[PDB]
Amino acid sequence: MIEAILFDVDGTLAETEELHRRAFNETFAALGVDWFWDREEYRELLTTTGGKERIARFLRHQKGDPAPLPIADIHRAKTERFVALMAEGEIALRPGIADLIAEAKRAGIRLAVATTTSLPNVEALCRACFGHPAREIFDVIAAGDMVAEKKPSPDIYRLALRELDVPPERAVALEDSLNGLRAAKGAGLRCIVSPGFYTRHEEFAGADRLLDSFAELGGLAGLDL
């Protein structure tokens, strides 16, 4: 039985990371520092999950301007920009996502996000893509600093499962990245992977299904096999 479906957010519900990159760059520009993350560098920086963590890693190694503000302050400013960007643009859910979530709801299946993205990021996506606050879409929101150890650690998925009160055998995860797959699998979850722009280069050995589009599931039916 599928009692619950768990979703990563960025790269799974919607293709958002390019917008995140824009928000980072426009933030650095706004602060007047010489930092710029191009697509190539951002692809590498995405192996560090967590916004603050990604900023920290970069600032530990980069040779340009020193940080003018602490990590958290930079991330807050970037978050405000991302939230604004989500509100104005026309971000679409990835193919198949809307239909799967509607099917699940009709079927009395609970939905959760398990993500390294922050809560304001989740809210922004839900408002823009679903037209409703996150709590109206997802029964359980496990996000950001709610756990100490980020993906590939399974901790965020363990938290999500604990809050859902659903054991892994009655749940399934949808992911877009290797770190995500590893985190789901470490929590004992079957995991459906469909990569996005920034993770198409990765390898997903051990994914229960690997798809070009979540639409290939044909909804709930594709989760059983």
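The first residue of the sequence shown is number 1, and the count goes up from there.
In this entry, the higher average B-factor at the C-alpha atoms falls on 61-69, of the pair 48-56 and 61-69. Higher mean CA B-factor, judged across 148-156 and 83-91 from the recorded values: 83-91. Out of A128, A77, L119, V140, it is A128 whose C-alpha atom has the highest B-factor in the PDB entry. Per the deposited record, the Cα B-factor of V166 falls in the highest third when ranked against the other modelled residues of its chain.
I2: CA B factor lies in the middle third for its chain, per the PDB record. In this PDB entry, the Cα temperature factor of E15 sits in the middle third of its chain's modelled residues.
Looking at the C-alpha B-factors along this chain, the one for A134 belongs to the highest third. Looking at the C-alpha B-factors along this chain, the one for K185 belongs to the middle third.
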